[PDB]
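Novice:
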Amino acid sequence: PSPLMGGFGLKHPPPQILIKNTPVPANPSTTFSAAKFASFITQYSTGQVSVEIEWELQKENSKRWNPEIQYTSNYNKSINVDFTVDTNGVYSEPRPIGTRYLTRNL
Amino acid sequence: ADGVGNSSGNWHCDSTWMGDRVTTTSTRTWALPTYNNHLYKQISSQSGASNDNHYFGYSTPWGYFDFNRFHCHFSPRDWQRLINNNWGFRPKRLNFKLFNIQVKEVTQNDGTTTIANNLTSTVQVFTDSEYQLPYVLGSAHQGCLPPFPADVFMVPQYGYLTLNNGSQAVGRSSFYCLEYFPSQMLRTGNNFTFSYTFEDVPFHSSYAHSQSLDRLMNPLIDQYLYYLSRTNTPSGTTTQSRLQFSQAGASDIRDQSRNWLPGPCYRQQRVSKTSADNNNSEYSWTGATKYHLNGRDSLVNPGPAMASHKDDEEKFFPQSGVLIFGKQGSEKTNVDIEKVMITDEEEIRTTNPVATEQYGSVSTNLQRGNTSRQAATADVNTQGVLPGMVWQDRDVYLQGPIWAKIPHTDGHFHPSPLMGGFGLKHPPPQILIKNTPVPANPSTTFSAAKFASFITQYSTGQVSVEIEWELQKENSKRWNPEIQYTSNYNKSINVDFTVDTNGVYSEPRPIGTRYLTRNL
Amino acid sequence: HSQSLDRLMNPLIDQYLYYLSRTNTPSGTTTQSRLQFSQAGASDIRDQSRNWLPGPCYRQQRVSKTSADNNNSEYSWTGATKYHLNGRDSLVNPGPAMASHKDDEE
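Protein chains in written order, with the deposited numbering: chain A, 638 to 743; chain I, 218 to 587, 594 to 743; chain YA, 426 to 531.
(1) Please report the distance separating the alpha-carbon of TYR508 of chain YA from that of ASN742 of chain I.
(2) Pick out whichever of A:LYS648, A:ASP719, A:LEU739, A:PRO652 has its Cα sitting closest to the Cα of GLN707 of chain A.
(3) Which residues bound the alpha helix (DSSP H) around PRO293 of chain I?
(4) Smallest Cα separation from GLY305 of chain I: which of I:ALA266, I:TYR424, I:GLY646?
(5) Please give the ranges of any alpha helix (DSSP H) in the stretch 252-290 of chain I, keeping only runs that are unbroken, at least 4 residues long and fully inside the region.
(6) Mind checking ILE318 of chain I: buried by the 16 CB within 10 Å criterion, or exposed?
(7) Restricting to Cα atoms, I'd like to know which of I:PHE645, I:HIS631, I:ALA598, I:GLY611 is closest to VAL619 of chain I.
(8) Where does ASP514 of chain I fall in DSSP's three states?
(9) Taking the alpha-carbon of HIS526 of chain YA as reference, which of YA:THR506, YA:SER501, YA:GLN485 has the nearest alpha-carbon?
(10) Starting from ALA248 of chain I, find everything on chain A with Cβ-Cβ shorter than 7 Å and list it in chain order.
(11) For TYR393 of chain I, decide whether its Cβ has a neighbour in chain A, counting only Cβ atoms nearer than 8 Å.
(12) Would DSSP call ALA627 of chain I helix, strand or coil?
(13) Are any of the Cβ atoms in chain A nearer than 8 Å to that of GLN653 of chain I?
(14) Within 8 Å (strictly less), CB to CB, does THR659 of chain A reach chain I?
(15) Can you tell me whether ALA675 of chain I is helix, strand or coil according to DSSP?
(16) Among YA:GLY453, YA:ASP528, YA:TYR444, which one has its Cα closest to the Cα of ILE470 of chain YA?
(17) Tell me, please, whether the stretch 628-637 of chain I touches the stretch 387-399 of chain I by the rule of three or more beta-carbon pairs shorter than 8 Å.
(18) Tell me, please, whether the stretch 458-470 of chain YA touches the stretch 546-566 of chain I by the rule of three or more beta-carbon pairs shorter than 8 Å.
(19) Please name the residue or residues paired with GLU322 of chain I in a DSSP beta bridge.
(20) Considering only their Cβ atoms, is the gap separating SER537 of chain I from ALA505 of chain I smaller than 8 Å?
(21) Cβ closer than 9 Å: which chain YA residues qualify as neighbours of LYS648 of chain I?
(22) Taking the runs of the beta strand (DSSP E) that are 3 residues or longer, which of them lie wholly in the stretch 654-731 of chain A?
(23) DSSP beta-bridge partners for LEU478 of chain I?
(24) Tell me whether the beta-carbon of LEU442 of chain YA lies closer than 8 Å to the beta-carbon of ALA357 of chain I.
(25) Secondary structure at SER452 of chain YA, three-state DSSP: helix, strand or coil?
(26) Tell me which residue opens and which closes the beta strand (DSSP E) that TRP247 of chain I is part of.
(27) Would you say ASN270 of chain I faces chain YA, with C-beta separation under 8 Å as the test?
(28) Less than 8 Å between the CB atoms is what I'm expecting for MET612 of chain I and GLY480 of chain I, so what's the real figure, rounded?
(29) Leaving out five residues on either side along the sequence, give the residues of the same chain with a beta carbon under 6 Å from the beta carbon of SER515 of chain I.
(30) Quick test of the definition: if touching needs 3 or more C-beta pairs under 8 Å, does the stretch 237-251 of chain I touch the stretch 676-693 of chain I?
(31) Compare the C-beta of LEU378 of chain I against all C-beta atoms of chain YA and say whether one is closer than 8 Å.
(32) Can you tell me whether DSSP reads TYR424 of chain I as helix, strand or coil?
(33) Between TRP477 of chain YA and chain I, is there a C-beta pair that is closer than 8 Å?
(34) Note down, in chain order, every chain A residue with its Cβ under 7 Å from the Cβ of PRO363 of chain I.
(35) I'd like the list of long-range same chain contacts for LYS309 of chain I, defined as Cβ closer than 7 Å, with 5 residues on each side in sequence excluded.
(36) Determine which residues of the stretch 482-501 of chain YA have a Cβ less than 8 Å from any Cβ of chain I, and write them out in chain order.
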């Protein structure tokens, strides 16, 4: 049960966190009406969210002699630096980065 | 308690099943306007009304919180879990909470409606735990907690009726000022709570009898008792009077001696769901079943618990003998039959007489031979309680009421509410809530006239009701499977007891509780 | 009691229960059978669904304190309310507790 899109299969994954604004009714009628409220004060919410994850690492213990392939930035000059913002302050991710750079014997 | 910006409560809407108990908790968002412009107004029936419709009373600026319906606490899945597995249930205790109270000030300048917070205004809340106010709960009134937890509801206005001689009052009529009660004042950040314990009440009969009251015998063995089976014998070419007696068995099972009688009856007119089958006349009142009190006729609705119909007559129902619930979007006046859902009380026909038929027959004269007088009988359209009588109460429904207050009277017989539910001498107290009037700008010169100008404002908040119910577990020993409530597997445009594409919650049909079976 | 058994409701709020209010509708220039249902409020307060019933009754003949208003006959026993026991009639006096008269009939 490893996900086909990639990742860790969890029988009990991190739970869904559901958030919504409590409806605030607008001005009601002075006469009682059994119809459910359909007029509300327009509102939204803003705030900060923090996620902290602890990860366990499996340290490489290779005994190969020659150097390995490593992910690296390209030294040549460029208009924009990779994984930074441009003159519009727009953050971009130039390429997908996997994890399989070190080598291990079968 | 929590000033401005600190929540005074949380959303608790759920149910916990633990053995012989189920605790249902519900939270709703309510809106409370200003009623009567902070005034108490004497109200009465309009001039020209009939004597039966005459009334006198008072309208108060207060509202009240009503949760006297099962849908306010049980989800449809909760109801199905309750009725398919339990032979009975009853309420045990409840907890009530008001929290997250916001007072909003409304202003209107040059055609613009502006709403702003009022952090210093209060709302007055008190519970009538001494039952000193007229108990208007238990009259099947609108304004309850909506069945769907996501719906926002308006708090109904409180009002009561007192003695009236026509549209006028009498000296015995009582007036009640709700500000003469101690109430708790709540700003934004204050919360209200109280706990109530239900008195001991019988378990609701959430079962249908698998035996009939007239079929309680052993069909294999004859009785040792005799009954008069014949009154004459062939004599010559004519007849001669001669009494004969037989022991009753299976072939003459109707003549068997019995120990019990069917419950009391108050006959109702029979109406058919097929329109053409009904009489082409206006008989909703002339043919109605009524009781006479102080010169005024009141409709008997639904009246004593009686079976809606006999075998293979499901299209027939008593004229005012069953609860009729409105479908979603149904109007108030003269809606068609397809706009309403008519309940059925056929599960109690084992012990209760059919509503539209007579209780039985009694003798009216004294038969005698040779002048001769033949024996005569009459239908018993109304039957009071007799010794040895057994009956079942009216069923409760998901949309139906839960309880009612037993009137404070010297005598009463079987104080189960006729609309269905639990009769309580001390029911859950009325919870009265109103916005504290905030005077507008006063005159710089003193005026003894009472204030008539106020700042327009309403309040909104959350209400929580938690009820603990005791369960009577089914202990049946029948072999074949039982009837259970179930959803229909076939495909449909909409799922039952859900929202539609407009997000409108609807309850497609009334659900009773009598699906399991128990022997008589 | 300062309340009547048929006036125990809230006159401001309609009931959610329905009652059969009409049994026919105008059809063409004649009438056609058609059942209709309404929710009871203050205007049709007599049709409201109720939980209780008035106490038991054993009807008595009505006599007036104004002599001329009474029938000119001897009806103290023929019109009397009686119970039959072992072949003898006994007067029911005062009998089950019932109101002497309705409004404005002292």
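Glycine residues also receive a C-beta, built at the ideal position from the N, C-alpha and C atoms.
Specialist: In terms of the structure at hand:
(1) 40 Å
(2) A:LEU739
(3) 293-300
(4) I:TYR424
(5) none
(6) buried
(7) I:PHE645
(8) strand
(9) YA:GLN485
(10) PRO662, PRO665, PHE674
(11) no
(12) strand
(13) no
(14) yes
(15) coil
(16) YA:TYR444
(17) no
(18) yes
(19) I:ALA333, I:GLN680
(20) yes
(21) Going along chain YA, no residue has its Cβ under 9 Å from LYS648 of chain I, so there is no contact; the nearest lies around 13 Å.
(22) none
(23) I:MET612
(24) yes
(25) strand
(26) 238-249
(27) yes
(28) 6 Å
(29) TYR508
(30) yes
(31) yes
(32) strand
(33) yes
(34) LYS673
(35) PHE415, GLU691, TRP692, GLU693
(36) none
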